[PDB]
Every structure is written in structure tokens, then in C-alpha cells.
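Both blocks below hold the same protein chain, though in two forms, and each is given as C-alpha cells: structure 1 and structure 2.
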Structure 1
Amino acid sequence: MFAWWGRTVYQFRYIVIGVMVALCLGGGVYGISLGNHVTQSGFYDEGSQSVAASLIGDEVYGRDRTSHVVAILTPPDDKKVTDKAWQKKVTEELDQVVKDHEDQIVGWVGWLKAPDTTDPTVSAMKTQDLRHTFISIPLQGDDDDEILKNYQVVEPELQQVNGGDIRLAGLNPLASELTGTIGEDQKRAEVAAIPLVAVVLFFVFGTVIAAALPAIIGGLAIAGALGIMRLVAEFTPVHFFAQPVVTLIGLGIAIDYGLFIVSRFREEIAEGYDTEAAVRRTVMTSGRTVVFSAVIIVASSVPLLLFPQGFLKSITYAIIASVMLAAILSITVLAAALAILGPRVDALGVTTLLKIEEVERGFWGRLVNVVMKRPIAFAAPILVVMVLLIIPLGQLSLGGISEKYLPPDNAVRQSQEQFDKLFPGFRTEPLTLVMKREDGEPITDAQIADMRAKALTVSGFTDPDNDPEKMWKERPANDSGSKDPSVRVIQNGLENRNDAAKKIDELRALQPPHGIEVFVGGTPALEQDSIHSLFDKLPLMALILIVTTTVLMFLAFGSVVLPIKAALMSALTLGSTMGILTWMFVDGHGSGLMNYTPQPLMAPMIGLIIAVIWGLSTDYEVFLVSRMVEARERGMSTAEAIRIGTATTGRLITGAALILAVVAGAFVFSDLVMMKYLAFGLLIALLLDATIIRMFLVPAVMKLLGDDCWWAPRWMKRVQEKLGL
């Protein structure tokens, strides 16, 4: 199979390069418009009670458009908002923007449209010092994605209102900024990472062409994968976060796959094989390794599909498409490229760009020896410290997206915070009690008061007017609502947002009046229901993830102790990185240096980070411990096999780690705190696996079990033998 392709890829090397490059470039052109076909939904559970509550509320009362855009207007030259000349000028400008963009803007409302109003709420849309007043600009659209697109059409003209002295906040200015970080992080991966990957690869290989080929494969992999995701978007919604994942996870593995087979090819040429034989032998050995690595990653990714969140489903499609294409590219276009180049892959050295030994082996061999001489002296301190690194995970907190996902100095975030300071109480995050009478008869005022009294028995809800009778007010109704009298909604915000899980259960435990059912919704309910469904499915997801990888490791090791030992090592790294991440992003250690706000984490990201870290650690352990098994099966001491595996894989694993560190390190500078969390989790797990696990914990522990590492019942080794994966 790999034998046949190794000969075939040589024979049709020109056809292979031409077809594969055209497909990837054609996919890249198709994938340019992906950013215009992604969605922001997917963080919630579509089957939850809170989602049903939101659908009923919107259907009966109408979609609330008053939070789409809020604009703070400050008169120039220290004038007050009561300046009649200033009022007329800004009013005419706003009317012109609405008239020019009626397809996008419903209109604008606020104190400026009725300065002589007596309504206390409308009169509160201006500050006491008369220096600031704000307006609401509802937008057209039937869903949040369409509404955001409408906002981005009119934003440039809106920002010019009042001589530019207008501050835009609310849902869509922030949603535009949050989704805008995707483009900023992506250019880093393609303008800052790839050049740094090139200098890292040049330090590994020493020649220009050998260093350039893995970078080119990564670029082709990104181009094709974005095109595949664009195709996927035609059939199912694709979350916008799936796009940066392609450029982070897909790019890193694509370059690492390229590094592995280019390294093997140069070693085959150096051993004396001609180009034809070298290509075949590289596919037979390194091509099998990358293909098996791909199935490990795919096996580590598909368990996320158990979760209902569309966000997680979109990520796995991106991951699977990225790794399958990269594996295919590494053994089709890369192998064909080396077949054409031959030894000329090393032709160009430092001088080209310039114009435009025994000690090392012994030391690393000695380090393994020192570790094995006193293994408990190494394993015991490492085991203790890694367990202590799990302790901060006990302080795990979970929430949802806000303006705090942006750095504290972000302009749009600061406009939002200025609005909440100048105009307190206008922003709310209420829990809703969606009352429905199954009889179809109208809900009475007494029944609404019965429900309010029940909700007033739950502590922790805000009382701004100090009167409980003014709490749990009815949701405002819009003209787009059906106003079905059999459905009525009352709502109230929480005093402390972290109490949402407890308070929602209390609300859901209240007995409603006789013939009515109650659905509890609101944004805090949407998050808590999504949190609950994720951790409900997590035990099954973790079970499938562990067993699928362990059997794959058993197929790769031919042992029963080795897959179990490596699963324990994977669990230790997974726990340690999560504690460190909680220590950094919840507790805030490192927040000032990296300019992010400590806050609760996003729950679907822990599921993603579990799958990614488990896959990465399994991938590195499989490659290393194999070379030990391969040395043991041919006849060697257990101590020598550990030394041979470490020496023979040291250059490749270290180089792969350096590559991924550059790629992930580029994304730790993202303005989105969620991306920082994912990129750092990758960096920590990589540093632990490449240094603490590979060089200290693996060689030490494996010496403790001695020759029992290779133990495996023969009726199980026969199944491994009959397949030979």
C-alpha cells in the first residue's frame, strides 16, 4: 500500500504536484469568502429550556432591537445637549444615514428625537451635566448574522455623525469587533508566524529548499482547508471560530508532517539511496507515521460531536479537514516535490539568502542515563508538582461572551464601559419567566401576580426602584410580536451573575399557577443550560476519547501496560495545563503582562481544549515510545531501547515542538481572550510533553516497570500482528 504509492508518487510526480496544487489553490480562492458565510451561534444547546424560552418570547413579544446599537453623542466646544442648533444638525445627519440605508436601519430613537419629553426613561438618555446623550439605532434583519452584516454596512457613515464625536456600543459594534479579531490573528499566522517558522526550519535543516517545503505545505493545507470549510458552510452553519483553528491547529500539524518526511528523505539520501528509492522508503516509514498520526488526531476529535453546541461541531469539522488534507499533502505534493528535487533539496545554503557532535549525542545519552540511575529521584518530585498544578482547577468558573473578551484598552470595549457608567441601568441581563397557558385562554393579571409573588420568594434579584412591586416587570412588546394572550413574560436581572446556576434552579422549582407552564430563559439561562449539557456529556466524551486512543496505542505498541501508562501520562498533562490555565485566566496571574481581563472561562472551550491536548500528547507519546518498541522487538535491553528511542527521535520531536511553539505563540497575542486560552493551553502542554514527559517522566517510569512494559497477551498481540498498524 505505502510501497505502491511510494513508487506511484515518483512515477506521476509532475501530475501529482499539478493536480494537488491546483485543488488547494482553487480551494483557497473558494475559501476567501468563508468569513462572509460563518455564524456567531453555536455556544448554546438548541434543545434546552432557555432556548425554547427565547423562541417563545421573541415570537410573542417581538425581537428586541433596542440594544442593536447605542451611540453616545457629545456636543463640541463644551456645548450642552440642549443646544437647539446642535440638536438640529445631528438630527439631520442621523436622518440622512437612515434614509440612505433603509434596507439596513429601522430607525433611530432617543431623547434627541423628543427633547421636551416628560418620560423618565427617555429623559434618562441624557446625562445630568447635559454633556452627553445617547440614542438607540435598531437594525433590520431576521437573525443575528444578518443584523451584524447590516451594521457593518452602515458603520462607516454612522461613525462620521457629529464630526466623528460619536461612540458606538451595544451588541453589533462589539460583535463586529469580536469577530474582527479573526482577521487580525490570521494575518499574524501568515505574515509573522510563517516567516519565523522559516527561520526555525532553516536552523533545523541548514538549507533553504528543505526549510521552505514544510512552510509551503502548511500554506497549501490552510488554503484547501478553508475551502473545505466553505463547502461545509453550504450544508450546515459554521461558527466563525472554526476559521482561526484552521490556521493554528491545521498549520502547525501540516508543517510538522512536512518536517517529518523531509527529514526522513534527507536521511535516506544521506544513507546512499537514490531519489527513487528514497521517496519510496520515506513514504513507507514517515508516510505511515503521519497517516497514523492523522487517525490519532481524528480519533481524538470526533468525540466532541457528542456535544450539542454547534460551536464544537464546527471546530471538529475544521480539525478533521485540516489534518486529513495535511496528511494527504505531505505524501502527495511533498513527496513528488522531493522526487523532482532529489539531493538538490540541500542545494542552497546560507550564502543564497545572505546575498539575494559526539559531545551532543553523549550528553543527551548521558541525561537519559542519569535519569535511569536515580529514577525515583526524578519521577517522585515531578509526580507531586504536576498533581499540585491541578489544584487551581478547583476554582474553575464558567460564563459567556462579553466586551471583557477584548483587551481592557480596546476602544470598542471602552465605549461600552463608558456607556454603562454614563447611563446606568439601561443595560440588563434578565432571567425570564415565560408563562404559557396550555388552554389557549388569556393569562390573567392575577396569575401574573401569582408568578411574581413566587419569584419574589427567591433572593438575589436586582431591585432598582427599591419596590418589589416594580420587580419582575413584563417584557416590553414590539409590533413584530404576535401578542398571543396565552403567553406572558416577566423578567428580572440578578444581583450577582455567578449565582445564575443556583437561582435558575430555584426559579424552575417554583410552582406556577394552576394551568400555566413556565420556561426560564434569558442570557444567563442560555449559558447555564449549555454548561450543564456539556458537563453532562463530558463523562461519555472522555470515555470514548480514552478508549479509542488506548486501543490505537495498543495497535501501535503491542503492549497492555504501555497504552495504560501513556493514558495516565496524558491525564497528568491534561490536568496540569488546565490548572495552570485556570490559574492564569480565572485567577488572573499574568493578566497584566498579557493585557487580558481575568474572568470565567467559556465552557465549550474546555471540551475543545481537552480533545486537543489529549490528541497532542497521544501523538507525541506514540512516536517516541514506538521507536523504543521497535528497538526492543529486534533484540535489545530495556535500558538500551529507552536510550535508542530518545536519541533516534530527539531531533524530530524537538523541531516539531519548536515549530508548534512559534505557531501557537503567534496566537497568544490575539485580542480575543478565548484564543489566548487555547493558544496557551497548547504551549503549556507542548512544553510539558516535550521536556518534562519525554526526557524525564517517560524514561524514568519505564525503567521502574522494567521488561513488563512490553507485556501483552499473545492472543491480543496476534490481533495486532494480523493487522500491523
Structure 2
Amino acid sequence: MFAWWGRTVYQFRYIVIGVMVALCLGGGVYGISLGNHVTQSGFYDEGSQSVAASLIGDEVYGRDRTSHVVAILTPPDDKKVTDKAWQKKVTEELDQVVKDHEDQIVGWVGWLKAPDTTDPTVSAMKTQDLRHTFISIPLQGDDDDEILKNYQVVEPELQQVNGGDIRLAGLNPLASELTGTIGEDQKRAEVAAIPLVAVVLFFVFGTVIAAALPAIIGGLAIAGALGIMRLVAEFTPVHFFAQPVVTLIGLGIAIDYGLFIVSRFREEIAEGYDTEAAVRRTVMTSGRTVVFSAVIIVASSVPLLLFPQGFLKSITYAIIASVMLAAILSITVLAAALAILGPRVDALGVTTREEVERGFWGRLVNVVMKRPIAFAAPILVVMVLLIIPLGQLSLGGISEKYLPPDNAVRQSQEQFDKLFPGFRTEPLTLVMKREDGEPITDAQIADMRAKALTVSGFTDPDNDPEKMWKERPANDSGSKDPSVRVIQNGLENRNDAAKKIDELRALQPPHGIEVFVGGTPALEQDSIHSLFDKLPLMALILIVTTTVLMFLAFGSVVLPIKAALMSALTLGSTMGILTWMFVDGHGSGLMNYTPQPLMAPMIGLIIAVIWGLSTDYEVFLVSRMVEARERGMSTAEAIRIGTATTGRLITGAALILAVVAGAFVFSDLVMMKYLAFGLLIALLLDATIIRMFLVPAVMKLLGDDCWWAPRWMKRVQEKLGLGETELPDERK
């Protein structure tokens, strides 16, 4: 199968370069417009009750646009807000930007619009010392994405009022700053990561052309991957986070895939094979290894589709499209480029000891295999102790804390929450709905409200139980159906969300009406629950599919079960350190972030990426161990030769993916630091502790058992065209 494709990619080398590059280049220009068709929601279980409570509530009471923008206005020269001359100056500036942007702004609302008023909440829009006052600027739009795109049209002119002294906070100033970290992370990779991976590529090949090919394949991969997702956006929504994942993960392992193809090609050239025979032996070995490695990551990402979070679904599609296009380009464009170029892939040089490290790998493995229990036992018990911090796992939602504490937009929100306490609330909603269609009586409301007061832990700023669980305000865009009435109240502690939500759902609603418990604490706790309910079924599918794929890439049954254990150990040890640094705070003062509960759908993603990544690096290693073993060599020889003919490649393939990960660990977005650190930690763990010690030690204990497989299972692999674990007699 790969032997057949090895020679066909040489006979049609000119057209597979022309056609496949054209598709990858066509998707690039078609993918430039991808940033204009992305959404920000998908963190909640869309088929849950808290979401239903939000759909019903917005349909009846209307969407709330009061929290879109809150602008803190401060008069210069210590003037008080009662300065009539200053009020006239800023109101005209506000009336001016609304006049110029009627299509983006509904209007502005606040104490300035009525300085002499008797409304308490409007009079609370000013501080007791008359030095600050805030306004609400509701924005136009039918969904949260159109609203945010309207705030970004007016923010510069809005920021210029009051001599520039205006603090913008609320839902949209933060969302602009959160989604803006994406571009900050891309530009940081284009000026700091892609130059670093250029000098890493040159120190493995010594010539510019051999080093430039994996980068070209990686560029063609993301170019064609951004085009695939732009086509996906024509049918279903896609999230903003799916663009960095293509750069953070797809661009990294695509260069890794293109690395084993070019290295194996130069290896066959030095052995004395001609250009056609070389590209066929790489496809039978590295090309086969890369295809298996790509399908494994796919098998690591599809179980996330069991999870109902659309944020996850959009990301799996980006991982699938990036790793598969990478493998396809590796055995098409790259394999044919090596066929056209040939040994003048080593021609140019930098002007335009490789055998001594390969011996150091042999010496280290012989030390490991000589006293293996002295290496396996201390390593695996240390990794188990690194899983202990995972017991302190807490889960939360998005807030202004996802930015560094020195972020101006975050500070403007925190300044609002201390000058004007009471306006910012996260209430749990009791959405009452009658199936009669008849109005809900005032007694039905006071009855459901009386049951909500039997549940402690709810906010009471007035110090009166009669003022608790008020009705939600009715905006002028909602159909005031008296069949549906909702009452809401916030919590004294967010940590009581899961507890108090269950206490509200346990209340017996009035005879005819049915109650839906919603609010952002309910939305968060329902996405948490949906992940950890299908997390075991996800892990079951994740493990059995990756294991059988390695049984085909290799020829053994115990080797895939070994790697699964070494991948589970690397997983738990990596997530325990992350819980130790992003939840408990160890490393927050240096990396500039605040420890806080994690986004629950993000632990599902980090499980998928780390697993498929650690398995891929096991496939890169053992593929040469089995290939040497298939030549009749002993187990200790197959091990040594395995981790010596690839000990430099796997080392180099890890630094590249670590550099691009090291560029996202500086992201102002904290959950990107969590993801990029997870790749950085697991990469170092796999490429050093696992590869150099735990793999040779455990395989030495097993001996010839390492390669064993039942016979009725080896012929199946053989039957499919996947039994090319060993090469043919060739003369060169």
C-alpha cells in the first residue's frame, strides 16, 4: 500500500506538487476571510435547562443591553459631576457619537441624561463624593457576535470623549480584549516562534533546502486548513479559539511530520539508493509512520464530539483538518519535492559530529537496560505523586480575571465594581412557564418566591426577604407573555452554585407552571456536568482507538498497551502540575496571571491534545525499534538502534512544537497559557523522561514479549495493506 504509493508519487511527482499546492494556496486566500465569520459562544450545553431558561427569558422579557458598555466619566481638575458646564460638554460628545453611529448604538443612558432625578438606581450611577458617574451604552445587534462587532466600530471615538478620560468596561470591552489576545498571540508567533523554528530546522539538516521543506509543508497545511474551516462556517458556526489551535498544534506537528520524511530520505541517499527508491522507502517507513501518527491524533479528537459544547466541536474540526492535511502533504507535496530535487536537497548550505550523538544515545540506553528497575521505579512513583494535586480541581467561567491583573480593560471593570457596587450581578433565574398559556397569578409568583427563601446563600443587599427574588426587568423588545414570569437572585458565594442550583431545582413549582433554573452560574454548572458525564465514555473510546492504531503501525499487542500506560502517566502528571500552577497559583507572579477555577470544556481539550501528542511521539520512536527488530535483531539491539536512529529527530521534533507553545504561554488569555503550558510540559516529559529512560527500561524487562502478537491478528493487519513494518531486498 505504502510501497505502491511510494513509486506512484515519483511517477506523478510534477502534478501532485502542482495540484496539491494549488488547493493549499487556494484555501489560503479563501481563508483570509475566516476571521470575519467566527463566533464567541459555545461554552454551554445548548440542550440544557439553563440555556432553555435563557431562550425563554429573552423571548418574553427581552434581551438586556444595559451591561453592553459601562463608561466611567471623571471630570478634570477635581471638578464635581454637578458642574453644569462639564455636563453640557460631555453630553454633546456622547450625543455626537450616537448621531454618527445610529446603526451601531441604540443610545446612552445615565444620570447625565437627567441630573435632577428621583430614581434611586439612576442616582446611584454617581459616587457619594460627586467625583465619578457612569453611563450605559446599549448596542445594536441580534446576537452576541453582531453586538461585539458594533462596539469595535465606536470604541476609538468613544474613547476620545472627555479629553480621553473615559474608562470602558462591561461585556463588550472585555470580549474585545479577550478575543484580541488571539491576534497578540499570532503576531508573537510570526516574529518570535517562526524565526526560532527556522534555526532549529537548520541544526538538524545543515542545508537550507532540506530545512525549508518542513516549514513549507507546515505553511501549506495551515493555509489549506484555514480554508477548510471557512467552508465549515458556511454551514455551522466556528469559534475564535479554533484559529490559534491550527497555529499552536497543526503548524507544530505538521513540521514534525515533514521532518521524518526528509530525514529518512537523506538517510536512504547516504546508504546509496537512487531518488525513486529513496522516496518509496520513506513512504513505507516515515510516510507510513506519519499517516498513522495523524490518524491517531484524529482518534484522539473525535470523542470530543460526544461533548455538547460547540467550542469543543469547532476545535476538533480544526485539529482533524490540520493533522490530516499535514500527513497528506507529507506523502504528496513533500514526497514529490524530494523526488524532483533528490540529493540536491543538501546542495546550498548556510553560506547561501552527527555520529557522536547517535553513539551517546546507544550508551545511555545500554545503561538503562543494564539496571532498568533503578530507572523505572523512581520515575513512575514520582509521576504518581505529581497526579496528587489534581484532587484540588475547581471549575468556573469567563470573567475579567482571564486577563493579566495589569490589563487596563480588566482594571476599568474592577474600578466600576468598587465605585458602583450592586450593578454587577450573576443571578440564578427561576423561569416560570404555564402550559395553559394563561397568565401567571401574583400568588403563583409569591408562592415560588417563598420556596426560594427556604434556600440560604442568596444575596440580600437591602436586608429584607421581601425584596429578594425580584422579577427580571422587561425590555421593550420582549413579548410580555403573562404565561411566563421569571424571578432571579444572586449568590453570596459562587462556590455554592452547584449546591444551590440543585436546591432550587428541587423546589416543587406551583401546580400548573414549570420552572427552569438559569443564569450564568447555572450555564457554567451544566456545561461542567455535561463534560464529566461523558468524560469516561470519551476516555474509553480515546484509549481503545489509539491503541489499535499502534497495533497496526507496529506489529505488537503489548507495545500499544505499554504506550497507553506511559501516555496516561504523562497525562495525569501534566494535568496535576497545571492544577498546581493555574489553580493553586504556583507560577502566577512570574508569568503574570491570576489563579482561578478552570474552564471545564478546556480540560477535555487538553486531555485530547496531550494524549494524541504523547502517542505520536511513541510512534516515532518504536517505529524504528520494530523496524530494526523485523530485521532479526535482538530486543536490546532493536531498542538501542530504535532510540539512536531517531533520538535526534524526536528531540528536534519536540523543540519546534515547544517553541510555538512557548509563544502562547505569554498570552494575556489565561486559558491559552493553560493549553500552551500543557503542551510544553508533556513534550518535555515525553521527549526526556519517557523516551530516554522509561521506554528502554520497561521494554528491556519485557524482552521478546515486546514484539508479540497473536497470529490471527497479524494477518488482518497484513490483509489491509498495513504490514510494511519491514523493508524489501533492493540493490543500491
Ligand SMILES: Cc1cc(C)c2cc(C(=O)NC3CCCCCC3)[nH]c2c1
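Structure 1 provides the reference sequence; residues are numbered from 1 along it. Whichever C-alpha set is largest while still superposing within 1.5 Å between the two forms counts as the rigid core.
Only structure 2 matches the form deposited without the named molecule. The residue among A336, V238, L616, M451 whose Cα moves by 2 angstroms or more between structure 1 and structure 2, once the core is superposed, is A336. Remark: with the core as the superposition reference, the CA shift of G27 between structure 1 and structure 2 reaches 2 Å or more. Core-superposed comparison between structure 1 and structure 2: the C-alpha position of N162 differs by less than 2 Å. A movement of the C-alpha atom of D274 reaching 2 angstroms or beyond is seen between structure 1 and structure 2 when the two forms are aligned on their rigid core. Core-superposed comparison between structure 1 and structure 2: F265 shows a Cα shift of 2.8 Å.
On rigid-core superposition between structure 1 and structure 2, the C-alpha of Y14 is found to move 5.0 angstrom. The Cα position of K703 changes by 1.2 Å between structure 1 and structure 2 once both are aligned on the rigid core.
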